[PDB]
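Below is one structure, written out as structure tokens; the observations come after it.
There are 2 protein chains.
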Amino acid sequence: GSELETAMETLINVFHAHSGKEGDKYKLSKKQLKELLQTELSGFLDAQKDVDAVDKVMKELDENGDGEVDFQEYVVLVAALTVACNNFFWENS
Amino acid sequence: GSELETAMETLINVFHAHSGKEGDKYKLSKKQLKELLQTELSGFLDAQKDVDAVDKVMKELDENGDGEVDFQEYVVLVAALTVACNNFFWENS
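Residue numbers (UniProt numbering), protein chains in the order written: chain A, 2 to 94; chain B, 2 to 94.
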């Protein structure tokens with residue numbers, strides 16, 4: 002297909018949107034990322050099938066505050082929580 | 002926003018679409034992933050600003066054939082190539 006490209010542009014759209022606000026408009030911070038993550042995934046957080054997995058990521062930012070990440074990194078996490086809330090990947094039957 | 006969720010569903014839509022075809026409909030293979038990757042990112046491959054970075058991923062699958070990956074992994078790679086072709090993250094001015 003070709004929709005894949007549409008998704009990539011969508012992810013960057015949001016990331017670029019929160020890129021401003023507070024901090025330098027070039028990268029996201031661990032503290033700021035904490036909000037950006039849930040702020041958007043707020044819908045998924047509503048019902049987490051595996052909070053234990055998400056907790057690891059939530060506390061990960063708590064440990065590092067002055068730290069930072071990149072765009073790709075923002076794409077990895079979102080997928081981590083998406084799976085935790087989505088059981089369409091835990092199928093075994 | 003809330004579009005982020007739309008992107009997540011889009012990515013899974015394609016992945017789930019190619020999940021069938023050949024092999025077990027549960028996970029993607031290194032060999033099969035090679036096609037799925039470019040097959041979709043075929044548009045980006047048209048003009049790669051940094052083929053050196055992509056080559057590392059392309060040859061990565063060549064090394065491992067009987068290997069395998071997961072959904073999240075498919076989300077990490079796509080972001081790797083997206084950045085290589087996208088210079089909106091290499092800004093320095």
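Backbone N, C-alpha and C fix where the C-beta goes; we use that ideal spot for every residue, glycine too.
Have a look at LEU29(A) and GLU4(B) and give me their C-alpha separation to the nearest angstrom.
19 Å
Any chance the region 72-91 of chain A sits against the region 64-83 of chain B, with 3 or more Cβ pairs inside 8 Å?
yes
Expected contact under 8 Å - CB spacing of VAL15(A) and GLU41(A) to nearest Å
6 Å
Beta-carbon separation (whole angstroms), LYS50(A) vs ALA85(A), contact threshold 8 Å:
6 Å
Please classify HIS17(A): is it buried, with 16 or more other beta-carbons within 10 angstroms of its beta-carbon, or exposed?
exposed
Could you compute how far the alpha carbon of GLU23(A) sits from the alpha carbon of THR11(A)?
21 Å
May I ask you to list, following chain order, the residues of the region 52-79 of chain B that have a beta carbon less than 9 Å from some beta carbon of chain A?
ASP71, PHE72, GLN73, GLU74, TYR75, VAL76, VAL77, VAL79
Would you verify that the beta carbon of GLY44(B) is, or is not, closer than 8 Å to some beta carbon of chain A?
yes
Would you say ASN14(A) faces chain B, with C-beta separation under 8 Å as the test?
yes
Name the two residues that bound the continuous alpha helix (DSSP H) containing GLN39(B).
31-46
With DSSP as the reference, label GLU6(A) as helix, strand or coil.
helix
Need the endpoints of the alpha helix (DSSP H) that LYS57(B) sits in, please.
52-64
Which class does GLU69(A) belong to by DSSP, given the choice of helix, strand or coil?
strand
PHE89(B) classed as buried or exposed, judged by whether at least 16 other C-beta atoms fall within 10 angstroms:
exposed
Buried or exposed for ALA48(B), going by 16 or more other Cβ atoms inside 10 Å?
exposed
Where DSSP assigns a beta bridge to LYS28(B), which residues make up the other side?
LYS26(B)
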